[PDB]
Every structure is written in C-alpha cells, then in structure tokens.
Amino acid sequence: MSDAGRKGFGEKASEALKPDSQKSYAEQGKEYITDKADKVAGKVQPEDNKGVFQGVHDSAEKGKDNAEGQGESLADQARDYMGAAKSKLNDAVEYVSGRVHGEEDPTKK
C-alpha cells in the first residue's frame, strides 16, 4: 500500500482591492430656436395583410400614385392635405434642425 496523493480545489491568493469612490450628476440640455429646411428623411418598412375589420397601417411606400393636381374634383382633396402638409412640415423641421445643435453654434441656449 503506497503511491498516492491529493491536490484538491481552491485558490492561491488572487487580488481584488478596494474601490476609490465615484461621482456623476448635473445634466441638462437647454436647447433653443434652430434653423429651417432640410429634406433628408425618407424610407419605409414592409407590411402585409388582407381581410380585416380594423383601421389602417401605412404612410408612404416606394412607387408612383400619390400626389395630384389636375381635375375638377381632386382639387379639394389636395387643398385638404395641403393645409396639413404645412403644419406637418414644421414638425419634421424642428426634429432634424433640432438635432443640429449636437454639433453647431446657434444663438442663445
């Protein structure tokens, strides 16, 4: 009866040490009036569905059909979306132009 051994499991020393405190606070944005015009956005996602008793689910896709002008009837439909195209435009501008502050020098803030 001889020749044997036993290592086992465990550690040797390792190291962790203690922290050194930390700090992080005070933040804001301020922001202010931005520029106008842009025309950069433009895209669309896929979709598919048939036979449904609900509202809708679309905005604008790639192709050719939307918009119009000629006609003694479509004139009204256009005048309706027209007034809305204005208020909507300003909405998109404030967004794009608003992100310009990230790297610009506007007036006041």
# chains A, B, ... in the order shown; residues from 1 in each chain; ligands from 1

$ select_by_dssp --residues "range 24-77 of chain A" --states "helix (DSSP H, G or I)" --output "list in words"
residues 74, 75, 76 and 77 of chain A

$ write_last_selection --atoms "C-alpha atoms" --output "PDB file, in the first residue's frame"
ATOM      1  CA  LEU A  74     -59.230  66.226 -56.755  1.00  0.00           C
ATOM      2  CA  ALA A  75     -58.605  69.937 -56.209  1.00  0.00           C
ATOM      3  CA  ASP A  76     -60.486  69.707 -52.910  1.00  0.00           C
ATOM      4  CA  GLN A  77     -58.739  66.550 -51.706  1.00  0.00           C
TER       5      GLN A  77
END

$ residues_around --residues "range 63-72 of chain A" --least-positions-apart "3" --cutoff "12 Å" --atoms "only C-alpha atoms" --output "number ranges by chain"
A: 44, 59-60, 75-79, 81-82, 85

$ closest_residue --among "A:54, A:34, A:21, A:49" --to "residue 96 in chain A" --atoms "only C-alpha atoms"
A:34

$ residues_around --residues "range 103-106 of chain A" --least-positions-apart "4" --cutoff "10 Å" --atoms "only C-alpha atoms" --output "list in words"
residues 31, 32, 33, 34, 35 and 99 of chain A

$ closest_residue --among "A:89, A:95, A:45, A:30" --to "residue 57 in chain A" --atoms "only C-alpha atoms"
A:45

$ atom_distance --atom1 "CA of residue 86 in chain A" --atom2 "CA of residue 41 in chain A"
16.3 Å

$ atom_distance --atom1 "CA of residue 109 in chain A" --atom2 "CA of residue 25 in chain A"
20.2 Å

$ residues_around --residues "range 38-40 of chain A" --least-positions-apart "3" --cutoff "9 Å" --atoms "only C-alpha atoms" --output "count of residues only"
4

$ atom_distance --atom1 "CA of residue 43 in chain A" --atom2 "CA of residue 29 in chain A"
28.9 Å
